[PDB]
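Q: pasting the first chains of the complex, positions unchanged:
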Amino acid sequence: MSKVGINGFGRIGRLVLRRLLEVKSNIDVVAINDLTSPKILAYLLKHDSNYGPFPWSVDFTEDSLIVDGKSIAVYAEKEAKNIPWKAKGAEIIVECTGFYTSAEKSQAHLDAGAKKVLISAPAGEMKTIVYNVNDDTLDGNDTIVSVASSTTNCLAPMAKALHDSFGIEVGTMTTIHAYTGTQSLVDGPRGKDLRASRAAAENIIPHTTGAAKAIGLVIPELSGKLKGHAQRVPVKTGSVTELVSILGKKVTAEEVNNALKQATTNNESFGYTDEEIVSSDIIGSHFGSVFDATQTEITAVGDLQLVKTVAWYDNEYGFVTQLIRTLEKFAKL
Amino acid sequence: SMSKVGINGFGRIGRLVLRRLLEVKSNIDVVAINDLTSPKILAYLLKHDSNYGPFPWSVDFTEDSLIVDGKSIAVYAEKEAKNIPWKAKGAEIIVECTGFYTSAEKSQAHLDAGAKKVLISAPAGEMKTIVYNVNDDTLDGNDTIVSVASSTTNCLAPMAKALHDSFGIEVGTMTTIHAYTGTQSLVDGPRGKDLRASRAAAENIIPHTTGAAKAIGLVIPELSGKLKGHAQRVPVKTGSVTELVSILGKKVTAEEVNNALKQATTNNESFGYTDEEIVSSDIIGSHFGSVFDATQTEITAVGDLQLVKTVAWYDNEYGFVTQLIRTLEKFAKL
Amino acid sequence: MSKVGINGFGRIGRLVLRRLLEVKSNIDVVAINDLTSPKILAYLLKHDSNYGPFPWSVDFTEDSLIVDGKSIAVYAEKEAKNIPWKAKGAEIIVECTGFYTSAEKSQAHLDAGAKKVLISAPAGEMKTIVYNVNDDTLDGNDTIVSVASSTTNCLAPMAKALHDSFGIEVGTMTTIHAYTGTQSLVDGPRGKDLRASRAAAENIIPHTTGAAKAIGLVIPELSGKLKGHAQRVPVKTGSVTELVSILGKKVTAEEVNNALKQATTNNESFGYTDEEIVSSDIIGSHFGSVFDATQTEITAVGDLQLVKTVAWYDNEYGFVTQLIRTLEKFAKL
């Protein structure tokens, strides 16, 4: 129950291991499952187009990685129920494949002899945790838990702060979001999301996301009160979420900013800036969300007020630092 | 009827002004261009376009002109508009596309230089400002200097107008996810006093101020002071999209918003409609100023509190230019 | 008026149809096979990130596309031997999937009832045609033919002219090549080519190509004289091929250029330019190769001389016009 396996050694999977080693975690990654050879997983861990060289040694054998001198078994089981997690005693699986985003599906890791699963994505009605918003809802008896999306991790601490300070009566969100591997390099079939079939680095691409709609799992009072969507655009990582709200009180911009500032104080998960940053400045962030005071906008006509608030997020590494906080707590229950 | 035009600033917008005029076989002839460079360079840029490809007509040049589709066009290189020799070829209406004369005070220099009227391809303060097929009926014979606002305004205005007319907009805020432009930076480095504009445009999402919502009263007077907004500049070369979040004057469904918008786009050469799952590159070369996208419409309601998000695409280069040219053609016949 | 089937309606497959309709070809495309529904293929045909809206109407039914009012059967058979090509009498298959690049594999289209197959890629030791270089080697007995890569179609007309005018003693090629669907959007496994696993829009990526090595299939006398490779870079289409040769004769730049110009005169496949063009200027090219006199370079020391020649190609549409020319001829034999 400090021994971990990773299913899906992709962008998130590899950064999970990077982060665990960065914080000198007591968690022990003993096994990795993907679809490929150790050779290829080794090369991918060693060379990262977004974060540069792996800061530890990486080698491999025909069935393992050796990362900073320590051996990690590598399996290639496309069906999670066949992953031999018991061989090295992997107890908590960090599920990062995208193919097991529900209770029913991730049960397969427990049938395969793990005790717990932390899914790196929304997964329906199950405990969904944004760290430093609702991580106190985790419980010793939880075996399958979600950390939602990157987008949820960015939205939630902002929504929580506005909710606690002013009340959110209704709101809508748009994230301007880096492209991800669910999109396409060249125009071509991508299941049945038509917009996902289009070349991701050459287009602005609207895309659905549940971040707003499922916010009730993280902040129950906001349940049903938000909606939203993304526009996927050609940056490799680093994204930004705008929320437009009718609040429960009349406010000034200074007041909103000051409230947010207070909520980020002593908060390892939720950062604040008033610097004129742009997306690349978020890359490598150790926050799940960085509230940007410079973009706060209050639109007012007589009685009526609309409030736009904006937070940056590194949808890869930043979200990953959240996934790890949640994992470290999950392992100790 | 005024047939003869001068283009000042033969840049992204100015070159496409020519392109579009020839494409529609306008009776308007471009008789002179002014910029800061040589005919050879302007001819190279006209002939080869990174966004729309090869010019569809022949391009050659001489020491002091361009020859385009067989027709000669004078080239001047006067950085101050008052010195442009517009009377040599009888340039009557100036399409002002440099970014440097974005006021009545500034653009009236073209009149001092012998022109009769000026059409500014950008916002230009509190002057007559036209979005074609929203408020072009406010143009008259006494208008001598006119603005066509920003392409962001040409996107926002028709959408806002349809909504104003059908339901009312009590208050709204806009964000445009906007293609990068020449006002931005290639590599991180100073760009006047806007810190964000200093950053590498093709490697960043860059918040950016725009006045499209702020100054919407110039085009739709009843919405004056009711809208704000900003842009997120992103790494696409052209093609942009504008989201507006409104409190409307009436309780609505999405279907009802989409139908109202559809009716407003019917027989409207400036304002298109789509319910297809398009992306920004599908808007490149659009002949509309704005294309409303029914697939992105969103009603968020809790009790009596309702937010409505409406979304419209626009090719901030060519699509905008089609609107500029519609306004120009009308301007010239008043 | 021969009837054609297209296997693989991808970047090349869809542009094959676009080019046939553009030239008002007598060929009728009567069937398409891919892996997806008519609706997704209709979406992709209609909307193209590189070439804009389809110039003809496009609709679909549950088993067909309707393109400019003509019906094209759609099938979804991953094994070519199950494609019912006889149902609409497809007699020439344009093979564009990447999965049948040999005589032995493409035979499966003849087993399934077609008479000939034109493969849109290198396919080993078979007749391999670059139109206007070696198309006269085609005859009434050929049933399986390749058109090589777009790179071969760029390289061969330049090499052929140099060969004919000066002799090429030895040469090496580098193509700075737009990224394609064989690469990856984000860092992730891509078969066994390590470099192909890396984010294509964010890197310069060395990549092997057979264009130089197998050039002898197209220009027998240059067999074994050339090698080369690619650097894949972040442009969506539009590519350029450099060739550094030792020629059989001492030359000037002007002399090299005049010879190429001659070879491009009344040559619908091979253009010339002495304009300072860049890669977006080649997009939509109706040539397989455009020679660029501005980039010619003669480096000489004593009796020694290196000659660099450079030519542009739209690896998508330009190549496709070559493929269609070859197809037009192959259908008349």
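A: Sure, I can see it. Residues are numbered from 1 along each chain as shown, chains lettered A, B, ... in the order given.
Q: how about the residues of chain A near chain C?
A: A:10-11, A:34-37, A:40-41, A:43-44, A:47-50, A:179-181, A:183-189, A:192, A:194, A:197-203, A:234, A:236 (C-beta under 8 Å from any C-beta of the partner chain). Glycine gets a C-beta too; all of them are placed from N, C-alpha and C.
Q: residues near residue A:227, how many?
A: Residue A:227 is flanked by 20 other residues according to other C-beta atoms under 10 Å in any protein chain shown.
Q: ok, back up a step: quick one, which of the residues of chain A next to chain C are buried?
A: A:10-11, A:34, A:36-37, A:40-41, A:43-44, A:47-50, A:179-181, A:183-189, A:194, A:197-203, A:234, A:236 (16 or more other C-beta atoms under 10 Å in any protein chain shown).
Q: what helix or strand is residue A:177 on?
A: strand A:168-178 (DSSP states H and E).
Q: From the contact counts, what lies against the helix or strand just after that strand?
A: Next along the chain after strand A:168-178, taking DSSP H and E as the criterion, comes strand A:205-207. Under the contact definition 3 or more C-beta pairs under 8 Å, 6 or more residues apart in numbering or on different chains; DSSP states H and E, strand A:205-207 sits against strand A:226-233.
Q: Regarding the residue lying closest to residue A:306 once chain neighbours are set aside, what is its secondary structure?
A: Distances taken as C-beta to C-beta, 6 or more residues apart in numbering or on different chains put residue A:299 closest to residue A:306, at 4.4 Å, once the chain neighbours are dropped. Following DSSP: H, G, I helix; E, B strand; the rest coil, the label given to residue A:299 is strand.
Q: from memory residue A:299 sits against residue B:174, does it?
A: No: checked against C-beta atoms under 8 Å, the pair residue A:299 and residue B:174 is beyond contact range at 9.5 Å.
Q: give me the element residue A:43 is part of.
A: For residue A:43, the element it lies in under DSSP H and E is helix A:38-46.
Q: looking just at contacts, which helices and strands does that helix meet?
A: By 3+ C-beta pairs under 8 Å, 6+ apart, helix A:38-46 packs against helix A:11-22, strand A:58-61, strand A:64-67.
Q: Common neighbours of residue A:299 and residue B:174, please.
A: Shared contacts of residue A:299 and residue B:174, defined by C-beta atoms under 8 Å, 6 or more residues apart in numbering or on different chains, comprise B:227, B:228.
Q: what's the closest of the helices and strands packed on helix A:38-46 to chain B?
A: Set against chain B and scored by C-beta to the nearest C-beta, the helices and strands packed on helix A:38-46 come closest in helix A:11-22, at 18.5 Å.
Q: let's bring in chain D now:
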Amino acid sequence: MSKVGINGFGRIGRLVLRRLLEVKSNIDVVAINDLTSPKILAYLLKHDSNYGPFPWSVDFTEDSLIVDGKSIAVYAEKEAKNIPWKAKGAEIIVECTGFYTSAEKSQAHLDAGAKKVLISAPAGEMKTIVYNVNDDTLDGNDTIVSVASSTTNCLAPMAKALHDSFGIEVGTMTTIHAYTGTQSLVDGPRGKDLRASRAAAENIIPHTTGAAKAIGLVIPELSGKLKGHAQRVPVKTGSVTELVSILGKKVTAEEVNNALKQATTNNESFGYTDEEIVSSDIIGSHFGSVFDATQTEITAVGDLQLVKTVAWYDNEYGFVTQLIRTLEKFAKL
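A: Chain D, in position alongside the others:
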């Protein structure tokens, strides 16, 4: 000497400071000249699109930056004449504006009271240093010296090693090169050069470079033996140079790679890799040049032999490391 001015606080200028600080140099930057406000230079230093957050604290006043608690004056003089280098005690001027690339032009820095100038670019016929190739050519009487281009620092070490082991009889280079500030963001005039007028992030753009032409200043025996050019491509930083040589001996690939390995052994300026890297893996390199053994290629037809050797380079930071290496030495004579 230990007191430096930087004229041109641009991509190179800022990184010069970053690198000095990273190596705990005993050299101290005491003044900076550019064309803007300390506020804007501070924003630029702190927030870097290529290298992320500055690793030391940055603040400013109306006449200064404060970097890691020390004060650095800031001037805004359009003409080097007018810079009070004297005031703050600026001995050596790192000239990084691109506007003073000759001995005569850089004279101003000495007229305004600096003792030496080190120019960050080629600067006509003057002492031009690639560190660990010809820095032994520097003496105490040197006042204005060049470190040439990024491309020169890539080409020179590789060329040097080949020349020492085998002889280069003639060669031509192509660098596939990240776009830089001399190019355009959108299509528009950029002085006389037509190709530089074109949108840099949307195009492959041929472009002249003197690296090969002027190699004689760094490696005198190669004077007039090399030529070359660049293809600028849409990556922000990270480049690669291919050189095709006729050597003075017959060689194998293994033999060429071992000679280069030897030349890179305990060579802090000149690295080696046999890993399958791509450009982004070079970002942040502490080498001026990294020879890539995986791309070596030998084309032999009897006595004739073309040898292609390929080296990577971070045209920003990698080049900067060499610039600082040279500076440290220049400052102690």
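Q: what do you get for what packs on strand A:205-207 once chain D is counted?
A: strand A:226-233.
Q: how about the residues of the stretch 51-200 of chain A near chain D?
A: Counting by C-beta under 8 Å from any C-beta, the stretch 51-200 of chain A sits next to chain D at A:52, A:53.
Q: hmm, try it at 6 Å
A: Where the stretch 51-200 of chain A comes near chain D, counting by C-beta under 6 Å from any C-beta of the partner chain, the residues are residue A:52.
Q: Smallest gap between the stretch 51-200 of chain A and chain D, at which residue?
A: residue A:52 (5.6 Å).
Q: quick one: that residue from chain C, how far?
A: 12 Å (C-beta to the nearest C-beta, to the nearest Å).
Q: and if you look at residue A:156?
A: Taking C-beta to the nearest C-beta, one finds residue A:156 at 25 Å from chain C.
Q: How many neighbouring residues does the residue of the stretch 51-200 of chain A closest to chain D have?
A: 17.
Q: Could I get the contacting residues of residue A:233?
A: Taking C-beta atoms under 6 Å, 6 or more residues apart in numbering or on different chains, we find residue A:233 in contact with A:176, A:204, B:234.
Q: Let's see that with 8 Å instead.
A: Contacts of residue A:233 by C-beta under 8 Å, 6+ apart are A:176, A:177, A:178, A:179, A:203, A:204, A:205, B:177, B:205, B:234, B:235, B:236.
Q: One more: residue A:142?
A: A:116, A:127, A:330, A:333.
Q: sorry, back to before: nearest residue to the residue of the stretch 51-200 of chain A closest to chain D in space, ignoring adjacent ones along the chain?
A: Residue A:52 sits nearest to residue D:284 (C-beta to C-beta, 6+ apart), 5.6 Å away.
Q: Touching, that neighbour and residue D:314? I think so.
A: Yes: with contact defined as C-beta under 8 Å, residue D:284 reaches residue D:314; the gap is 6.7 Å.
Q: Tell me which of the two has more neighbours.
A: residue D:314 (29 against 17).
Q: ok, now how distant is the more buried one from chain A?
A: Separation of residue D:314 from chain A (C-beta to the nearest C-beta) stands at 11 Å.
Q: Grab the most central residue of chain A for me.
A: residue A:150 (3.2 Å; C-alpha atoms, centre = their mean).
Q: ok, it touching residue A:313?
A: Yes: applying C-beta under 8 Å as the test, residue A:150 and residue A:313 come out as touching, 6.0 Å apart.
Q: mind listing what the residue of chain A most remote from its centre touches?
A: Most distant residue from the mean C-alpha position of chain A: residue A:302, 39.4 Å away (C-alpha atoms, centre = their mean). Going by C-beta under 8 Å, 6+ apart, residue A:302 touches no other residue.
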